[PDB]
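The lines below spell out each chain.
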Amino acid sequence: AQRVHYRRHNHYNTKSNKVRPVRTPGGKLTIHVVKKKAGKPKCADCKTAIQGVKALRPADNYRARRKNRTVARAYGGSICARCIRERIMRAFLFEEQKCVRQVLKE
Amino acid sequence: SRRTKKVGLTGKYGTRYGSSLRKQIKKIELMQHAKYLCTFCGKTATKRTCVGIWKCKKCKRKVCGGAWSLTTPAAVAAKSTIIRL
Amino acid sequence: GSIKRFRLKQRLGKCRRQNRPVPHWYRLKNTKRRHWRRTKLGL
Amino acid sequence: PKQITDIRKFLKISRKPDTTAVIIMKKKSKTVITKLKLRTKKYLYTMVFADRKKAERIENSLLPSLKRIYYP
Amino acid sequence: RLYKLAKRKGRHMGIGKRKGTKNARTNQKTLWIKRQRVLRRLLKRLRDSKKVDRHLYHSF
Amino acid sequence: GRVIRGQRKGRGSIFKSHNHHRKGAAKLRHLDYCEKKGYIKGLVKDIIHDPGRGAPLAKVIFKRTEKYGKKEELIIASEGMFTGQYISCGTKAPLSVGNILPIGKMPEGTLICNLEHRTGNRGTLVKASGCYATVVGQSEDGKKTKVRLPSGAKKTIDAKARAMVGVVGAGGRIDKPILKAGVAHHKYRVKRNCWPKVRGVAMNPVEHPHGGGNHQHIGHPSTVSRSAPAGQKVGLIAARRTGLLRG
RNA sequence: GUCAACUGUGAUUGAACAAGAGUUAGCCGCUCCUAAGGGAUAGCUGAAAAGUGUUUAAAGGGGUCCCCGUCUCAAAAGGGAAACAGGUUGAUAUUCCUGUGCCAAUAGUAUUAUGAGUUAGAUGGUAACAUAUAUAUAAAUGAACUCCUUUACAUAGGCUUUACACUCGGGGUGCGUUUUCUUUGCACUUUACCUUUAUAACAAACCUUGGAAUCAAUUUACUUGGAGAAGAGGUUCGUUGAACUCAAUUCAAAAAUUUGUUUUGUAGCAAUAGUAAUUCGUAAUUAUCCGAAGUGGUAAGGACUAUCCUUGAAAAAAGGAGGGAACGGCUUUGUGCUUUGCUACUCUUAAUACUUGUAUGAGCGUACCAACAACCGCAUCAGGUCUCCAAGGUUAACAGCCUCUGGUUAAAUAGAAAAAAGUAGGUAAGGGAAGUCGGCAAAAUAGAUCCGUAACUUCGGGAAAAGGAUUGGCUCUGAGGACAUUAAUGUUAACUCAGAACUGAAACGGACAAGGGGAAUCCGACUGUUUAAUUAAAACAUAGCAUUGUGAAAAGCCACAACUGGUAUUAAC
């Protein structure tokens, strides 16, 4: 076949240096170092990835259009829909329950 | 079909080690991987994830527990004693 | 190695320069000489 | 490199100041077809013209001052 | 290519010609998985086409 | 000879604690007005493991008493407590599992942990897995309180020292035997270099007082005085008695 | 160039000698961040030298008088702004050249143009959530103060998806064998970054509806469900990176701009570039560059499951949200504020002009060897020395044997002769351990399928026990799938199994590969480890058992001259 070799001045097979064989239009089989796969961004309460938000690294998250980073809805790309829904309910329910309790108490 | 007359869970250790030693391990391991009933939901999904830490799969909630069980008898007696007052 | 620090590179050049034999017209008016293989620079 | 589809958008780029060059290329495939490439400093935009008559009229239509390259 | 055409025609799979354990010759696990997929595939078609009842499907 | 194996262990070189994955110290919420005069309720947000000890650690959030917003502490977890439990701390806190109360306000015969050996010290007795202390009495003029540490000694502390209602987590840990050497290797790997042990009598004389001879015999008494000097302290240190137990 | 010496033989050679020459980066690194840690500051000790690192700190920054807060070094394999293809030289190239991009800066002031909002903060969507396509997706008010998240992580096992690799068949080119046979054997048939790449596809997750026991759905694996399943319709991330009629176009049927049918384009990048050919000058042309599929060797991902008295770094840096501080422009009486008069204003990219020190990309590395002669071993020393790439046949096989790409055909010598002896090997009639301290050495065995398998046992094992049989080549037979037509009828894929003939000097795991076994005793439970260059063991370690001190900073145990430390980010399990 053909063989490949590192071109980027650090040849060890470390997690950030993983490498993908690719053929050139020169008919040469060459090597490319593919970027690191990145974690999904997670809800504050439940540590679970949130819809719409792209999983971009701290370099790529800076360059993308703003719409990719967040959700037009309450605590956006920082709390998920299920938790927010439950939280909104708590915020009403306890406030009523507290007022009732005070009225009862006197 | 029925693999072992005795050994069960501790069969992994094989011909090595004392039978008495192995028996003592067998009781604790049977207890260890046992699925506890989760009193935050009513499913039998509570498992041990690390030495003292018990997670329910359904509730995604961490109960603090014993080394080899969800509840040690010492704690149960203490809990009851508190409850009575 | 491939890489060097600048002081080290400059020094390696200095040694190389030092080797260069005595100029031929001067003899018409040597004893000390680095050779690479068996006589390491060490520095 | 970017691919244009709208003839009007192509014309719109064509009028503008930083659109330095028009790079035009015509070739066989099986019959003749035309690739029209425009060179803006920011990008090289390409439009694929499948009919000679349209291509001929548009190549004529352009502002003539704008630089012209043929590959051969 | 000639040898391979002959192997297709079944000519060198005899007991002496083999040189490895049966599981190494072909993996038992893969064979099972193949078979389970064939049986599941048939069942999904039978339920989708509505030519069995759900209850019968589940038992099968 | 040369420095003996016991002495080398102390000296602050390689035998320093295996720091690296430890999650930070476990010490109670420090004493303030808000606790002293009442109660403060906090949230357990998480229970997290620790490479050092059997007990899990409990991630506790309070809201600050003189500044906006939430501040996180690490408490050592009582058995039977849980994520999303409200944890209460203070003089008026109710007797209930995993709350933090002054020992002066315990009813007798309660089981507790996280004793402060002297007040305000953020908890320093009863922290290892499955331990507990028992409260055994309150003096007539109050002010002092009598408790029992799990070793078997009775001790008298100030009343306003903290403790935590309920037994320490991870009970029964040494019930399970360690079957194979590698498990023991892994146990010590996250603690301190102290293992495998090496029998002193098998050493050369130069390294240790039991060394030498031709049958690995101890060759002189195995009990050495409390008064013994540094390199001499060998086998059974200052022992009251030797041989099997009775009570 | 060249042969004084060296290149252990020769030598016109050469890693020798001589003369010149060569290393080009915003993107590849260093450079920045923190880790194990190091060195200092405050103290304090100490004659000093030094030993300590917040232990009596008026100490480094952020907001605009308040709030944070040791400094500094320590990764060329952790974290980490951004780059690829082709070509080119005697010697460099992700660095020069040509093309194409990408990333980061990009001051003030004034003009212009780009779109927003307004008569001080847009809309859609039931929802999950979606929305700016401007030469450019620029632009969707937001202070203090907060709260998160990404950065950012173990191991094992399988499953699955894509990529590359390999293979097969067909068309096209060239070449080869071509006595005989050979619709043949072989070669070539190329496609990058970049375009939030456009879409499709798929594992999940989530939503709307729906209301489930004769439980259901369901994976290789088990998982999941009234805390809402199946079903039906959706929304998103992640893989992927032109899949899919994708886009453009055409005609037919539509709405005051859609569905159906056709034509194009290797989706742009892209053929002008490569490669194989073919001619003519002696540079120029022409022709080619594409229809089906399989194997699963690599690598990445996905969804997962299991394992742990082990739970598997940190920050720099970036992002999101909570919160609601601040808020037209112009003219003007009066002390940024108040009342009068007027309406195109506030944002925001990009370009331009002018001033402001000279207003775009700093410095350093980049030759060559990397051992076979460039390293270390006193040297051109059969030694030692870190990482990635991984072709065909045979095969369990990245083994061993032979082969293609690529490399070499040289080793501190050659020829001729051929004896003892040596050394690395073969092989031996008949006997079969009689040799020897000692079956040491050597040999026998061995691959697989099918059978058969004891004492004893902690019931797990012993066990491949022991002990048998079979195995080639040929010619057949049976078994095992996938699709799509309206039960039958068709198209169509692999390799593995099982059975039967015939055939031969009874041979066939033919080479290579590859267990000697049994009956007992002694010691050591075991796996583990050790005397580097005389001892691998019965020594040592180990789990378990047993013992002892110690309740704490006036303690245990231990280090230090001293102050001070360590065990201790600890606490009787």
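In the PDB archive, cryo-EM is given as the structure determination method for this entry, at a resolution of 6.7 Å.

Within the PDB entry, the label attached to chain E reads 60S ribosomal protein eL19, and the organism entered is Plasmodium falciparum 3D7. For this entry, the PDB title field holds "Cryo-electron microscopy reconstruction of the Plasmodium falciparum 80S ribosome bound to E-tRNA".

Under the PDB entry, the name given to chain A is 60S ribosomal protein eL34, and the source organism is Plasmodium falciparum 3D7. Note on chain A: under the UniProt heading Sequence similarities (unreviewed entry), the record states "Belongs to the eukaryotic ribosomal protein eL34 family."

Caption draft 1: Main features of the pattern of salt bridges. Considering all chains together, one arrives at 16 salt bridges over all chains under this definition. For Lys62 of chain B, the salt bridge is made with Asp46 of chain F, and the minimal N-O distance between the two is 2.7 Å. Residue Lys62 of chain B is located in strand β3 (residues 61-64), and its partner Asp46 of chain F is located in strand β1 (residues 40-48); the two belong to separate chains. Given the relative accessible area of 22%, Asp46 of chain F is considered partly exposed.

Caption draft 2: Up close: the protein's contact with RNA strand G. Around RNA strand G, the structure places 220 residues, and the nearest of them are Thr14, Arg20 and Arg57 of chain A, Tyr43 of chain D together with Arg241 of chain F. Each atom of RNA strand G within 4 Å of the protein was assigned to sugar, phosphate or base; sugar and phosphate come to 78%. The side chain of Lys54 of chain A places a nitrogen or oxygen atom 2.7 Å from a phosphate oxygen of RNA strand G. Measuring from a phosphate oxygen of RNA strand G, one finds a side-chain N or O atom of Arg69 of chain A at 2.9 Å.

Caption draft 3: Geometry of the sheet that holds strand β1 (residues 46-50) of chain B. Residue and element names in this part refer to chain B. Strand order across the open sheet formed by three strands is β1-β2-β3, with antiparallel pairing between neighbours. Taken across any chain shown, the strands that pair with only one partner, and hence form the sheet edges, are β1 and β3. For this sheet, the mean inter-axis angle between neighbouring strands, taken without regard to orientation, is 40°. With four bridges joining them, strand β2 (residues 53-56) and β3 adopt antiparallel strand pairing. Each bridged residue has a counterpart across the sheet, and for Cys56 the counterpart in β3 is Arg61.

Caption draft 4: Inspection of the nonpolar core at higher detail. The biggest cluster of nonpolar side chains holds 41 residues, and the ones touching the most others in it are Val60, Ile75, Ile103, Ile112, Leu115 and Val126 of chain F. For this core, the elements supplying multiple residues, two or more each, are β1, β2 (57-63), β3 (70-76), β4 (86-89), β5 (100-102), β6 (111-113), β7 (133-138) and β10 (162-165) of chain F. If sequence neighbours within four positions are ignored, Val60 of chain F has contacts with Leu43, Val44, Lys71, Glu72, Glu73, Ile75 and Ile87 of chain F. With 14 residues, the next largest nonpolar core counts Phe10, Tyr45, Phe49 and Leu66 of chain D among its residues.

Caption draft 5: Main features of the packing of aromatic side chains. Tallying each qualifying case throughout the model produces six aromatic pairs over all chains. Between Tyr188 of chain F and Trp195 of chain F the ring centres are 6.1 Å apart and the planes differ by 20°, which places this aromatic pair in the stacked class. Assessed through its relative accessible area of 29%, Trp195 of chain F is described here as partly exposed. Directly above the ring of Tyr43 of chain D sits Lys42 of chain D, whose terminal nitrogen or CZ lies 3.6 Å from the centroid. Positioned over the ring face of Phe62 of chain F is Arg29 of chain F, at 5.7 Å from the centre of the ring.

Caption draft 6: Structural view of the interface of chain F and chain B. In this assembly, 30 residues from chain F lie in contact with 29 residues from chain B. Together, the buried faces of chain F and chain B total about 2500 Å²; carbon and sulfur atoms form 73% of this surface. Contact with chain B buries surface across chain F, with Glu79, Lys176 and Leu179 of chain F losing the most and accounting together for 28% of the total. Scanning the region where chain F abuts chain B turns up one salt bridge. On inspection of chain F and its partner chain B, the count reaches eleven residue pairs in polar contact. Element by element, the count of residues in the side of chain F that touches chain B is highest for β1 of chain F, at three residues. Looking at side-chain class alone, the side of chain F that touches chain B contains 15 nonpolar, nine polar and six charged residues.

Caption draft 7: Structural detail: the pairing of strand β8 (residues 144-148) of chain F. All names here are of chain F. Alternating residues of β8 divide into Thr145 and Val147, all buried, and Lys144, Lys146 and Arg148, none buried. Relative to β8, β7 is paired through four bridges, and the arrangement is antiparallel. Opposite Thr134, over in β8, you have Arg148 as the bridge partner. Taking the residues that link successive antiparallel strands as the turn, the β7-β8 hairpin has five residues, and the phi of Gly142 there is positive, at about 55°. As defined by bridge partners, β8 adjoins strand β9 (residues 154-158) across five bridges and the pair is classed as antiparallel. Bridge pairing links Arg148 to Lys154 in β9.

Cut-off values and rules
- Residues numbered from 1 in each chain as written, not as in the entry; some residues may be left out.
- Chains lettered and ligands numbered in written order.
- Part of a larger assembly, values for the part shown.
- Heavy atoms only, no water.
- UniProt positions renumbered as here; feature names shortened; annotations may be inferred.
- Salt bridge = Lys/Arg side-chain N within 4 Å of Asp/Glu carboxyl O.
- Helix = DSSP H or I, 4+ residues; strand = E, 2+ residues; numbered from the N terminus.
- Buried < 20%, exposed > 50% of the residue type's maximum accessible area, 1.4 Å probe, protein only.
- Near = heavy atom within 4 Å.
- Polar contact = N/O pair within 3.5 Å; in protein donor to acceptor, adjacent residues only side chain to side chain.
- Pairing = 2+ DSSP bridges.
- Axes fitted to C-alpha atoms, helices over the stretch in contact; angles between N-to-C directions.
- Core = buried A, V, L, I, M, F, W, Y, C linked by side-chain atoms within 4.5 Å.
- Contact = heavy atoms within 4.5 Å.
- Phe/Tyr/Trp six-rings, centres within 6.5 Å; stacked < 30°, edge-to-face > 60°.
- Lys NZ or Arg CZ within 6 Å of the ring centre and 35° of its normal.
- Buried area = accessible area lost by both parts, 1.4 Å probe.
- Nonpolar A, V, L, I, M, F, W, Y, C, P; charged D, E, K, R; others polar.

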